[PDB]
>>> print(open('structure_1.tsv').read())   # TSV, N, CA and C atoms
chain	number	residue	atom	x	y	z
A	2	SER	N	97.82	90.60	83.83
A	2	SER	CA	97.05	90.34	85.04
A	2	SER	C	97.86	90.66	86.29
A	3	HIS	N	97.39	91.64	87.05
A	3	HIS	CA	98.08	92.04	88.28
A	3	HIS	C	99.49	92.53	87.97
A	4	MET	N	100.07	93.28	88.91
A	4	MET	CA	101.42	93.80	88.74
A	4	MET	C	101.84	94.63	89.95
A	5	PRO	N	101.02	95.61	90.36
A	5	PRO	CA	101.32	96.47	91.51
A	5	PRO	C	101.42	95.67	92.81
A	6	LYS	N	102.61	95.65	93.41
A	6	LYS	CA	102.84	94.93	94.65
A	6	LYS	C	102.25	95.70	95.83
A	7	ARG	N	102.96	95.72	96.95
A	7	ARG	CA	102.48	96.43	98.13
A	7	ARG	C	103.62	96.94	99.01
A	8	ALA	N	104.77	97.21	98.39
A	8	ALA	CA	105.94	97.77	99.09
A	8	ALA	C	106.88	96.71	99.67
A	9	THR	N	108.02	97.19	100.16
A	9	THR	CA	109.07	96.35	100.73
A	9	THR	C	109.31	96.66	102.21
A	10	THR	N	109.57	95.63	103.02
A	10	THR	CA	109.82	95.80	104.44
A	10	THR	C	111.14	96.51	104.66
A	11	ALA	N	111.23	97.22	105.78
A	11	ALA	CA	112.45	97.94	106.11
A	11	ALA	C	113.63	97.02	105.87
A	12	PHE	N	113.48	95.80	106.34
A	12	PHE	CA	114.50	94.77	106.22
A	12	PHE	C	114.71	94.34	104.78
A	13	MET	N	113.64	94.39	104.01
A	13	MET	CA	113.68	93.97	102.63
A	13	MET	C	114.25	95.06	101.76
A	14	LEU	N	113.57	96.19	101.72
A	14	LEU	CA	114.01	97.29	100.89
A	14	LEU	C	115.48	97.61	101.11
A	15	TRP	N	115.96	97.41	102.34
A	15	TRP	CA	117.36	97.68	102.63
A	15	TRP	C	118.19	96.49	102.22
A	16	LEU	N	117.70	95.31	102.54
A	16	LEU	CA	118.41	94.11	102.16
A	16	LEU	C	118.45	94.01	100.67
A	17	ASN	N	117.61	94.77	100.01
A	17	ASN	CA	117.55	94.77	98.57
A	17	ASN	C	118.76	95.50	97.98
A	18	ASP	N	118.92	96.71	98.48
A	18	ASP	CA	120.02	97.55	98.11
A	18	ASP	C	121.30	97.07	98.73
A	19	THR	N	121.18	96.36	99.85
A	19	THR	CA	122.33	95.85	100.54
A	19	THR	C	122.50	94.37	100.27
A	20	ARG	N	121.42	93.69	99.87
A	20	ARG	CA	121.51	92.27	99.57
A	20	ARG	C	122.60	92.10	98.57
A	21	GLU	N	122.64	93.07	97.68
A	21	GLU	CA	123.68	93.07	96.67
A	21	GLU	C	125.03	93.28	97.36
A	22	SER	N	125.00	94.13	98.38
A	22	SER	CA	126.19	94.48	99.15
A	22	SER	C	126.67	93.32	100.02
A	23	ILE	N	125.77	92.40	100.29
A	23	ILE	CA	126.07	91.26	101.12
A	23	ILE	C	126.81	90.19	100.35
A	24	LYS	N	126.34	89.91	99.14
A	24	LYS	CA	126.99	88.91	98.32
A	24	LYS	C	128.38	89.38	97.93
A	25	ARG	N	128.56	90.70	97.83
A	25	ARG	CA	129.86	91.26	97.52
A	25	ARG	C	130.76	91.09	98.74
A	26	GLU	N	130.16	91.35	99.90
A	26	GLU	CA	130.85	91.21	101.18
A	26	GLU	C	131.18	89.74	101.42
A	27	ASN	N	130.53	88.87	100.64
A	27	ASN	CA	130.75	87.45	100.72
A	27	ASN	C	130.38	86.79	99.40
A	28	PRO	N	131.25	86.94	98.37
A	28	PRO	CA	131.01	86.38	97.03
A	28	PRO	C	131.04	84.85	97.00
A	29	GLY	N	130.26	84.24	97.89
A	29	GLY	CA	130.21	82.79	97.94
A	29	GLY	C	129.15	82.28	98.90
A	30	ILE	N	128.27	83.17	99.37
A	30	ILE	CA	127.23	82.78	100.29
A	30	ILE	C	126.05	82.17	99.55
A	31	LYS	N	124.87	82.38	100.10
A	31	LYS	CA	123.66	81.86	99.56
A	31	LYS	C	122.52	82.82	99.83
A	32	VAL	N	121.60	82.83	98.91
A	32	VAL	CA	120.41	83.66	98.98
A	32	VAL	C	119.91	83.85	100.42
A	33	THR	N	120.04	82.80	101.21
A	33	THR	CA	119.56	82.82	102.60
A	33	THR	C	120.58	83.40	103.58
A	34	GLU	N	121.85	83.41	103.19
A	34	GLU	CA	122.88	83.99	104.04
A	34	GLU	C	122.76	85.50	104.00
A	35	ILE	N	122.38	86.01	102.85
A	35	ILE	CA	122.22	87.44	102.66
A	35	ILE	C	121.15	87.96	103.60
A	36	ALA	N	120.07	87.20	103.69
A	36	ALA	CA	118.96	87.56	104.53
A	36	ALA	C	119.30	87.48	106.02
A	37	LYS	N	120.26	86.63	106.38
A	37	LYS	CA	120.63	86.47	107.78
A	37	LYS	C	121.76	87.41	108.19
A	38	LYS	N	122.85	87.40	107.43
A	38	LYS	CA	123.99	88.25	107.72
A	38	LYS	C	123.66	89.72	107.47
A	39	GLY	N	122.51	89.97	106.86
A	39	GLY	CA	122.12	91.33	106.62
A	39	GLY	C	121.38	91.90	107.81
A	40	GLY	N	120.47	91.11	108.34
A	40	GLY	CA	119.69	91.52	109.49
A	40	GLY	C	120.57	91.90	110.66
A	41	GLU	N	121.63	91.13	110.87
A	41	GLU	CA	122.56	91.41	111.96
A	41	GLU	C	123.11	92.83	111.83
A	42	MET	N	123.51	93.18	110.61
A	42	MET	CA	124.06	94.50	110.32
A	42	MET	C	122.97	95.54	110.26
A	43	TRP	N	121.83	95.14	109.69
A	43	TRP	CA	120.71	96.02	109.54
A	43	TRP	C	120.22	96.52	110.90
A	44	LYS	N	120.01	95.59	111.83
A	44	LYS	CA	119.56	95.93	113.18
A	44	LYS	C	120.25	97.20	113.70
A	45	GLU	N	121.57	97.24	113.57
A	45	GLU	CA	122.35	98.39	114.01
A	45	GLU	C	122.79	99.23	112.82
A	46	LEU	N	121.83	99.59	111.98
A	46	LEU	CA	122.10	100.38	110.78
A	46	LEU	C	121.61	101.83	110.97
A	47	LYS	N	122.48	102.79	110.64
A	47	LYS	CA	122.12	104.22	110.76
A	47	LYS	C	121.48	104.72	109.48
A	48	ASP	N	121.37	103.83	108.52
A	48	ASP	CA	120.69	104.13	107.28
A	48	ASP	C	119.30	103.51	107.36
A	49	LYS	N	119.06	102.80	108.48
A	49	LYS	CA	117.80	102.14	108.73
A	49	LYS	C	116.77	103.12	109.25
A	50	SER	N	117.23	104.18	109.90
A	50	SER	CA	116.32	105.20	110.37
A	50	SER	C	115.81	105.96	109.16
A	51	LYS	N	116.67	106.01	108.15
A	51	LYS	CA	116.35	106.70	106.90
A	51	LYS	C	115.86	105.74	105.81
A	52	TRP	N	116.04	104.43	106.03
A	52	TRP	CA	115.60	103.43	105.05
A	52	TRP	C	114.35	102.70	105.53
A	53	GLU	N	114.30	102.45	106.84
A	53	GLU	CA	113.14	101.78	107.43
A	53	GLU	C	111.87	102.53	107.07
A	54	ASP	N	112.02	103.80	106.71
A	54	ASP	CA	110.89	104.62	106.34
A	54	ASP	C	110.53	104.36	104.89
A	55	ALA	N	111.48	103.90	104.10
A	55	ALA	CA	111.19	103.57	102.72
A	55	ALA	C	110.12	102.49	102.72
A	56	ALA	N	110.33	101.51	103.60
A	56	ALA	CA	109.43	100.36	103.75
A	56	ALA	C	108.03	100.74	104.22
A	57	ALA	N	107.96	101.55	105.28
A	57	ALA	CA	106.66	101.97	105.82
A	57	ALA	C	106.01	103.01	104.92
A	58	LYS	N	106.85	103.77	104.23
A	58	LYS	CA	106.38	104.81	103.32
A	58	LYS	C	105.94	104.18	102.01
A	59	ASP	N	106.67	103.15	101.60
A	59	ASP	CA	106.36	102.45	100.37
A	59	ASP	C	105.09	101.63	100.57
A	60	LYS	N	104.88	101.15	101.79
A	60	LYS	CA	103.69	100.37	102.10
A	60	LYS	C	102.45	101.22	101.87
A	61	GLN	N	102.63	102.52	102.07
A	61	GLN	CA	101.57	103.48	101.92
A	61	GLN	C	101.48	103.97	100.48
A	62	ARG	N	102.62	104.30	99.90
A	62	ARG	CA	102.63	104.79	98.53
A	62	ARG	C	102.26	103.69	97.54
A	63	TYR	N	102.43	102.45	97.96
A	63	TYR	CA	102.13	101.32	97.09
A	63	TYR	C	100.69	100.92	97.24
A	64	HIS	N	100.28	100.71	98.47
A	64	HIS	CA	98.91	100.35	98.72
A	64	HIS	C	98.00	101.49	98.25
A	65	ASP	N	98.58	102.69	98.09
A	65	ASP	CA	97.81	103.84	97.65
A	65	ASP	C	97.63	103.84	96.14
A	66	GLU	N	98.41	103.02	95.45
A	66	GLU	CA	98.34	102.94	94.01
A	66	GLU	C	98.14	101.50	93.59
A	67	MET	N	98.94	100.63	94.17
A	67	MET	CA	98.86	99.21	93.88
A	67	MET	C	97.51	98.67	94.35
A	68	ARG	N	97.12	99.04	95.57
A	68	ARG	CA	95.84	98.59	96.11
A	68	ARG	C	94.70	99.40	95.48
A	69	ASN	N	94.95	100.70	95.33
A	69	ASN	CA	93.97	101.61	94.75
A	69	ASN	C	94.12	101.70	93.23
A	70	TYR	N	94.81	100.73	92.64
A	70	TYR	CA	95.01	100.71	91.19
A	70	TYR	C	93.68	100.60	90.45
A	71	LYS	N	92.74	99.87	91.04
A	71	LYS	CA	91.43	99.68	90.43
A	71	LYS	C	90.62	100.98	90.49
A	72	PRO	N	90.30	101.47	91.70
A	72	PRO	CA	89.53	102.70	91.87
A	72	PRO	C	90.22	103.91	91.24
A	73	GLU	N	91.29	104.37	91.87
A	73	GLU	CA	92.04	105.52	91.37
A	73	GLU	C	93.26	105.80	92.24
A	74	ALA	N	93.02	106.20	93.48
A	74	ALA	CA	94.10	106.50	94.42
A	74	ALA	C	93.73	106.08	95.83
>>> encode(input="structure_1.tsv", output="structure tokens")
Amino acid sequence: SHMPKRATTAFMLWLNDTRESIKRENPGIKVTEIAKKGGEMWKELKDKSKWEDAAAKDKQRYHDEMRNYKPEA
């Protein structure tokens, strides 16, 4: 029952790949520290111009399949 999500936010999709990078940068924080100490770095991220699009692009590629999973596309 259900499965197709609807994409990840620029902050999420990056914090996802970097969330891992955050706990490494601080092997003693907390799930919530990753989300906070990441945004600070993310805001001024040069991979955000190239990653922030993953989020907006995924929102489209996902809603185009995840949302359109029933009909077709």
>>> residues_around(input="structure_1.tsv", residues="range 13-17 of chain A", least_positions_apart="3", cutoff="6.5 Å", atoms="only N, CA and C atoms", output="list in words")
residues 9, 10, 20, 21, 22, 39, 52 and 56 of chain A
>>> atom_distance(input="structure_1.tsv", atom1="CA of residue 71 in chain A", atom2="CA of residue 5 in chain A")
10.5 Å
>>> select_by_dssp(input="structure_1.tsv", residues="chain A", states="alpha helix (DSSP H)", output="PyMOL selection string")
chain A and resi 11-26+32-44+49-63
>>> axis_aligned_box(input="structure_1.tsv", around="range 61-64 of chain A", padding_each_side="4 Å", output="lines of an AutoDock Vina configuration file")
center_x = 100.3
center_y = 102.6
center_z = 99.6
size_x = 12.6
size_y = 12.4
size_z = 13.0
>>> atom_distance(input="structure_1.tsv", atom1="CA of residue 6 in chain A", atom2="CA of residue 30 in chain A")
27.8 Å
>>> atom_distance(input="structure_1.tsv", atom1="CA of residue 55 in chain A", atom2="CA of residue 27 in chain A")
25.4 Å
>>> residues_around(input="structure_1.tsv", residues="residue 63 in chain A", least_positions_apart="6", cutoff="6.5 Å", atoms="only N, CA and C atoms", output="MDAnalysis selection string")
chainID A and resid 6:8 69
>>> closest_residue(input="structure_1.tsv", among="A:37, A:53, A:29, A:47", to="residue 12 in chain A", atoms="only N, CA and C atoms")
A:53
>>> decode(input="structure_1.tsv", residues="range 36-65 of chain A", atoms="C-alpha atoms", output="PDB file, in the first residue's frame")
ATOM      1  CA  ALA A  36      19.405  19.507  10.523  1.00  0.00           C
ATOM      2  CA  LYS A  37      20.560  22.746  12.173  1.00  0.00           C
ATOM      3  CA  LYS A  38      24.328  22.723  11.680  1.00  0.00           C
ATOM      4  CA  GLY A  39      23.661  21.667   8.123  1.00  0.00           C
ATOM      5  CA  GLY A  40      21.427  24.537   7.141  1.00  0.00           C
ATOM      6  CA  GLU A  41      24.055  27.013   8.278  1.00  0.00           C
ATOM      7  CA  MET A  42      26.555  25.432   5.890  1.00  0.00           C
ATOM      8  CA  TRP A  43      23.948  24.664   3.275  1.00  0.00           C
ATOM      9  CA  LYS A  44      22.807  28.300   3.013  1.00  0.00           C
ATOM     10  CA  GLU A  45      26.275  29.183   1.697  1.00  0.00           C
ATOM     11  CA  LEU A  46      26.758  25.985  -0.305  1.00  0.00           C
ATOM     12  CA  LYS A  47      28.120  26.022  -3.892  1.00  0.00           C
ATOM     13  CA  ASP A  48      26.777  22.537  -4.357  1.00  0.00           C
ATOM     14  CA  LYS A  49      23.360  23.951  -3.484  1.00  0.00           C
ATOM     15  CA  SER A  50      23.023  25.639  -6.840  1.00  0.00           C
ATOM     16  CA  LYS A  51      23.611  22.190  -8.286  1.00  0.00           C
ATOM     17  CA  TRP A  52      21.778  20.284  -5.515  1.00  0.00           C
ATOM     18  CA  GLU A  53      18.885  22.627  -4.790  1.00  0.00           C
ATOM     19  CA  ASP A  54      17.769  21.576  -8.243  1.00  0.00           C
ATOM     20  CA  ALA A  55      17.713  17.948  -7.219  1.00  0.00           C
ATOM     21  CA  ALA A  56      14.941  18.912  -4.803  1.00  0.00           C
ATOM     22  CA  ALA A  57      12.889  21.000  -7.245  1.00  0.00           C
ATOM     23  CA  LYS A  58      13.630  18.555 -10.039  1.00  0.00           C
ATOM     24  CA  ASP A  59      12.814  15.566  -7.879  1.00  0.00           C
ATOM     25  CA  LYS A  60       9.578  17.247  -6.835  1.00  0.00           C
ATOM     26  CA  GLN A  61       8.674  17.119 -10.492  1.00  0.00           C
ATOM     27  CA  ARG A  62      10.152  13.749 -11.402  1.00  0.00           C
ATOM     28  CA  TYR A  63       8.488  12.247  -8.344  1.00  0.00           C
ATOM     29  CA  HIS A  64       5.118  13.853  -8.531  1.00  0.00           C
ATOM     30  CA  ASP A  65       5.313  12.840 -12.204  1.00  0.00           C
TER      31      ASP A  65
END
